[PDB]
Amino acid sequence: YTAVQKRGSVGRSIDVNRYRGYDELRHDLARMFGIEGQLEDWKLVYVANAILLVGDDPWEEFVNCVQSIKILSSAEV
């Protein structure tokens, strides 16, 4: 299972394989942190220890590589 953290919010743990792909994951995470509809452009990043943007890799490699997920503000990057 995989930590997701967002500053000022209590963190959550998800099992990424419960998703078909990135579109399901963005929605579900947006809802969970009471920011519905604000993750289509706030950055959704994950960590391999380099920090990368979620969505570039193939899904299948992503689920096998991801250790942590964060939701970063424009200000935290």
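In this text, residue numbers run from 1 along the sequence as written.
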Next item on the list: Could you bin the unmodelled part of the deposited chain lying between residue 41 and residue 42 as none, 1 to 3, 4 to 9, or 10 or more?
Entry: 4 to 9
Check: How many missing residues of the deposited sequence lie between residue 48 and residue 49 in the entry, grouped as none, 1 to 3, 4 to 9, or 10 or more?
Finding: 1 to 3
Note to self: Please say which third, lowest, middle or highest, residue 52 falls into when its CA temperature factor is compared across its chain.
What the structure shows: lowest
Notebook entry, point to check: What third of its chain's C-alpha B-factors does residue 7 belong to: lowest, middle or highest?
Noted result: highest
Notebook entry, point to check: How does residue 68 rank on Cα B-factor within its chain, lowest, middle or highest third?
Noted result: lowest
